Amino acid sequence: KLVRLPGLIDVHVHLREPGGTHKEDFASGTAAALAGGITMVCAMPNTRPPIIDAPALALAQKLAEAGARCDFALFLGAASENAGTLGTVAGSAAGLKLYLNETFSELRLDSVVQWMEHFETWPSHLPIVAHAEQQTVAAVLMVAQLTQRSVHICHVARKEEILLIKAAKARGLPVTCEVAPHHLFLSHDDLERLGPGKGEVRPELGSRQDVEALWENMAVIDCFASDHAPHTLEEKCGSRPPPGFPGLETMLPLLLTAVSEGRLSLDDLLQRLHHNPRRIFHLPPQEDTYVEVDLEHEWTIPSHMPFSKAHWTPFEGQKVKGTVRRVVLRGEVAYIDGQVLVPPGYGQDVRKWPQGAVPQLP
């Protein structure tokens, strides 16, 4: 007996095209999404070239329309030079992404004044998301208040961060957040097995107390999002390991395992992988789109999942219960039992759909 889920949405993925296609491309990363029960992805802008201007966005749109197998929206990235220049193209993006800490990105921002300039110039009705760790969460919240608008915090990883966000929500402030599976299912206790190269990720793996705090504060977590961040094993284990884990293919199995154990409900999961992504990013419905899962199937995560070009996973050896059996996307069988059945280019840019524009006052 299979359970029918709606089309799940991952608001934080790295698909590496353009410029990093040995790590992943639209075709492989969206194959990984479908096999993970994800029918729509929002792709981050820290590509090569980075998606920080209209020409780069135009290139990325065509690459995605030609390669993606599931539907998508593309983020724009904030830079030290582009505030006030994105107004014509802003509504065509998923949102604007700010990189406020050190990670796998060249998109620095040297001053909180540059953050303020982005919050002041980006259209006020369109999403802003931030990589903002520890005190940076409080700092970007201050900027959001000074400019009288909302902010969404990416990959919340620490007790410190979730409690800060909790306090802000208690004061009625417009902040939402997401949490990635590795910050719920891995911790410092896994660093010995992973080793120092594989274990590199930003935000770093937290303590057991960090993990426990995120679970205890599930009500504060608006979304789950993988932060699928593929790099090859050679890169992860070489002389300058880049931070990040692949995660599209493992996210839903890990979370289904937790549902089966009573750690959260099926509804809690569907709020965080479907309804709340829709409402925070004003992402449209996908007609005739659903995911069939088998909640009884027990299996062990292998050394690499089938699709991501990362060809490794930090969750190797974990026992899970729940698997994706079938995905239907806009009336076509997209995935069955390990076979992707829609070609590169089947996926579409949801921001071009009439129902995918973010509503605004004239």
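A residue's number is simply how far along the shown sequence it sits, counting from 1.
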- So 73 to 81 or 273 to 281, which one's hotter by mean CA B-factor in the entry? 73 to 81
- Task: Compare the mean C-alpha B-factor of 206 to 214 with that of 150 to 158 as given in the PDB entry, and name the stretch with the higher value.
- Result: 206 to 214
- Choose from 176, 226, 124, 136 the residue with the greatest Cα B-factor as stated in the PDB record. 124
- Tell me, please, which of 97, 240, 166, 182 has the highest C-alpha B factor according to the deposited entry? 240
- Note on the structure: On the chain's distribution of Cα B-factors, residue 9 falls within the third called lowest
- Message: Based on the deposited C-alpha B factors for this chain, I'd like to know if residue 118 is in the lowest, middle or highest third.
- Response: lowest
- Task: Among all modelled residues of this chain, ranked by Cα B factor, put residue 190 in the bottom, middle or top third, i.e. lowest, middle or highest.
- Result: highest
- Item | Assigned third (lowest, middle, highest) for the C-alpha B factor of residue 23 | middle
- Relative C-alpha B-factor of residue 196, binned into the chain's lowest, middle or highest third: highest
